[PDB]
2 protein chains.
Amino acid sequence: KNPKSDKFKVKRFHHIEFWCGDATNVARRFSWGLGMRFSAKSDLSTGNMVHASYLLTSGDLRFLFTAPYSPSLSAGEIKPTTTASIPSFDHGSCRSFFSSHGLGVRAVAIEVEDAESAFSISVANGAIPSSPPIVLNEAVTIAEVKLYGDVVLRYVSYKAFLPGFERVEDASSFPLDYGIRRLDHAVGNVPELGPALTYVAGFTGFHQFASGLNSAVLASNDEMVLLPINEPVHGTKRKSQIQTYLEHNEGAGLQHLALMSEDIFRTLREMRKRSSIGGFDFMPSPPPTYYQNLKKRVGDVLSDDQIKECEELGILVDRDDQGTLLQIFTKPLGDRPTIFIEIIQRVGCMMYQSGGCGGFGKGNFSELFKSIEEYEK
Amino acid sequence: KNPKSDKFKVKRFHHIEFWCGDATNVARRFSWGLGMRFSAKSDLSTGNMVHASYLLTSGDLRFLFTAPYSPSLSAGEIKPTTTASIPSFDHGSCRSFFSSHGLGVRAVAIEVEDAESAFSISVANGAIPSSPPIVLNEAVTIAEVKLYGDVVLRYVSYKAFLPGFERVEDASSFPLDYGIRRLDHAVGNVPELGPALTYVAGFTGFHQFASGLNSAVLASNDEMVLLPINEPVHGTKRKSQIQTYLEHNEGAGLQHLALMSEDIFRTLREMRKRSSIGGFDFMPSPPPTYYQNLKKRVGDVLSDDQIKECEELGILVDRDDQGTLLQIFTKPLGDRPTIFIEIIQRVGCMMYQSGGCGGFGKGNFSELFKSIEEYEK
Ligand SMILES: Cc1c(C(=O)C2=C(O)CCCC2=O)ccc2c1n(Cc1ccccc1[N+](=O)[O-])c(=O)n2C
Ligand SMILES: Cc1c(C(=O)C2=C(O)CCCC2=O)ccc2c1n(Cc1ccccc1[N+](=O)[O-])c(=O)n2C
Ligand SMILES: [Co+2]
Ligand SMILES: [Co+2]
């Protein structure tokens, strides 16, 4: 069931913004590790005396990395005279965020028809305001409401990246590409799922999309904006990884970003080649009992050779009634065991491909455990 | 002249420690960009609940990257019970440093015969204490005194990296190597050169080793520990880059690290290949008038082919009465126009090679300017 109850018109994920201590080093690491092109900037060299912001793109996926400069550089500025290209930016908020949580996501940005309307309707429906709608260069409108923890849901709307960003000159813009194409879903960890769901569904109208954690997925009308949320389950034998996150992150925040690849085998080969030379490490592969049991469950979908590819790369496979999901998880992106990335590819539900096709892999919790035991034998 | 007036016995540069917001991302970026191997760690996985520290090595060069975890992870600890592997580490000091200066060098570490003696003699001779000598695992002694700004001179002595660091398992330790072998000199920017010199020479006994800036070099008895210091010169037509540094860094700090390569041509080819794909950008090359005028000044030392190599790579050349210096400068290492790296190779003064052979390139200030004008023509 899909009541299509969005309170305003939502398009697609637009970008994810990381709040960093040094945006340069994080952006260069991510660029190399994920195969994303350096495509736009806003920093001292473009007249921004407030923050350094670097945009990486791969397909439709936009990763923005932002850090504050010395406040002394902009001490004479006021909000009407600011040289910041993102008017919601605040030195104190950014420094507090990063010292409290370490590296992680500040903003999940979705494009909407009308960001002013999206904000007012959201706030009228319980959203906690974070940054009021501001029209940039009479061309783009930006507004922010609290999502969970210190993460904000950012609305962006275009009359026709952002004003005051410059496109990067081609000599500095190496066209890296490992096959990642768009953001599939963005997942938050909170201490209590119930109140988090009620708040977010309450101001968006997003509907509930149909071990250590309880989880639920909120989705927009066409189910292309997918926002899962997790809570811990206490009292279990192994400690909840959601609780571990909350402890190391100092509370609620973004847990993982799932990135859709147009060729997850190519993506994972390219990423794994680079893990030890500046890129991203992947979680421990599951035992071969998992791949032995794969013929049975997805021999329908994947050939023996394509299943061989999965075992080499550590790809996990899940399947619901509609489609098939291939997935794998990176180790944490930074110092703390908090935010990680998921690489994703979905098979099925062709109409374009409908959103969430194949689910989110929760079948892989049981299959993994079972596979571990059958491997011990 | 070399009065050999060290007040304690100094060996070699031991390591440079960066204070970061996220040590993981900086270390992975530097590893890839400089060709340094990931060789040791101290973090959650080794029982350190206080800070994450990752060591990169290339030859004798040791770069350490450190960031604080959430203080809540170690809130029950006291200094006698600390799980920090570097006992001088302090959450508040590190967060203050990084939010004030951004990414940069906290510690210039030199190995000494006796770090307890080095500290006491230093403090008896005017050094401002920063961290008292602490003996780690009855094997290594560590102590710190203020150098300039919030940079400390760290003394390390070994009875026979540090206790509580683990060597990295080989699957995670890719043997990158672009030819960098050791730290040649480490340079500070201060507002006033005179008082800075008097302080540091005063507690070390280091002797003065024989445009926008005034500069002087302090050196140990065998002139292998080289600590140049710069001050700005105000009133010039172009603004002093030393003053720019002081403004963006919020005061005195480390300006550049000069890294000796056993093959600067190989190093720069390897680094330049990686600039746009996660590595380091280099400063704008000087005009061809510089390379045309190179035969005349160093045709003695470098063949036409080796001079061709210099023009391709942007290498600068200087020469004093004793030796020849090849050098090139990176763009800033992070968001702020503050700290950068210099790649270095020295030709001459064979005995081993005596320290500082060829000087530090100050002849290249005039040669560069001249070369610019002769290029305009
Ligand atoms: C997070 C996750 C997903 C997943 O993507 C997801 C959603 O997108 C919304 C629905 C709830 C959900 O779990 C799917 C399968 C999983 C899994 N995890 C946990 C995990 C794995 C690697 C690193 C950290 C963590 N961790 O700390 O939880 C796991 O073991 N299996 C088998
Ligand atoms: C720092 C420097 C050195 C140098 O290494 C050095 C020492 O090791 C101790 C003696 C004083 C000294 O200058 C040598 C030649 C130089 C130079 N600079 C400035 C520079 C260059 C690139 C990026 C930033 C800056 N900058 O901001 O100054 C320059 O133009 N030329 C020709
Ligand atoms: Co997921
Ligand atoms: Co130098």
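Here is how names work: the chains are called A, B, and so on, in the same order as the sequence lines, proteins then strands, and each is numbered from 1. What's counted below: heavy atoms across the whole structure, side chains too, no hydrogens, waters or symmetry copies.
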Trainee: Side chain, backbone, both or neither: which part of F65(A) has a non-hydrogen atom closer than 4.5 Å to chain B?
Mentor: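 Answer is neither: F65(A) stays 4.5 Å or more from chain B.
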Trainee: With a 4.5 angstrom heavy-atom cut-off, could you sort out which part of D335(A) is near chain B: side chain, backbone, both or neither?
Mentor: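 For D335(A), the contact with chain B is made by backbone and side chain together.
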Trainee: What part of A23(A) is in contact with chain B, defined as an atom under 4.5 angstrom from a non-hydrogen atom: side chain, backbone, both or neither?
Mentor: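 Both the backbone and the side chain of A23(A) come within 4.5 Å of chain B.
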Trainee: Any donor-acceptor pair under 3.5 Å linking the side-chain atoms of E77(B) with those of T83(B)?
Mentor: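 Side chains of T83(B) and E77(B): pair found under 3.5 Å.
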Trainee: Using the ring of each side chain (for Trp, its six-membered ring), is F161(A) parallel, tilted or perpendicular to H15(A), with breaks at 30° and 60°?
Mentor: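 Taking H15(A) first and then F161(A), their aromatic rings stand perpendicular (interplane angle over 60°).
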Trainee: Does the cation-pi check pass for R28(A) over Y54(A), that is, NZ or CZ under 6.0 Å from the six-membered ring centre and within 45° of its axis?
Mentor: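 Because its charged atom misses either the 6.0 Å distance or the 45° angle limit, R28(A) does not stack over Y54(A).
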Trainee: Check each atom of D281(A) against the heavy atoms of chain B and say whether the ones under 4.5 Å are side chain, backbone, both or neither.
Mentor: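 Backbone plus side chain of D281(A), per the 4.5 Å heavy-atom cut-off to chain B.
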Trainee: Pick from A52(A), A171(A), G278(A): which one has the most heavy-atom pairs with chain B under 4.5 Å?
Mentor: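 Winner by heavy-atom pair count: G278(A).
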Trainee: Do the side chains of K41(A) and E169(A) get close enough for a salt bridge, i.e. N-O under 4.0 angstrom?
Mentor: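 Looking at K41(A) and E169(A), the cut-off is not met.
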Trainee: Which one wins on heavy-atom pair count under 4.5 Å against chain A: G33(B), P337(B), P332(B), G21(B)?
Mentor: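 Between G33(B), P337(B), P332(B), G21(B), the count favours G21(B).
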Trainee: State, without any angle test, whether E250(B) and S100(B) hold a side-chain donor-acceptor pair at a distance under 3.5 Å.
Mentor: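 On atom types as modelled, these side chains qualify, holding a pair under 3.5 Å.
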Trainee: Over all heavy atoms of both residues, which pair between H248(B) and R336(B) is shortest? Give the atoms and the distance, please.
Mentor: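 Here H248(B) and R336(B) meet closest at O-NH1, 2.8 Å.
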Trainee: Contact part of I277(A) toward chain B, heavy-atom cut-off under 4.5 Å: side chain, backbone, both or neither?
Mentor: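 When you check distances to chain B, atoms from both the backbone and side chain of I277(A) fall under 4.5 Å.
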Trainee: Which bit of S70(B) comes within less than 4.5 Å of chain A, counting heavy atoms only: side chain, backbone, both or neither?
Mentor: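 Answer is both: backbone and side chain atoms of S70(B) are under 4.5 Å from chain A.
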Trainee: Based on non-hydrogen pairs under 4.5 Å, which of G35(B), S99(B), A27(B) is most in contact with chain A?
Mentor: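 The candidate making the most pairs under 4.5 Å is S99(B).
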Trainee: We want to know whether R62(A) and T57(A) form a side-chain donor-acceptor pair, criterion being a heavy-atom distance below 3.5 angstrom.
Mentor: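 Absent: no donor and acceptor within the cut-off.
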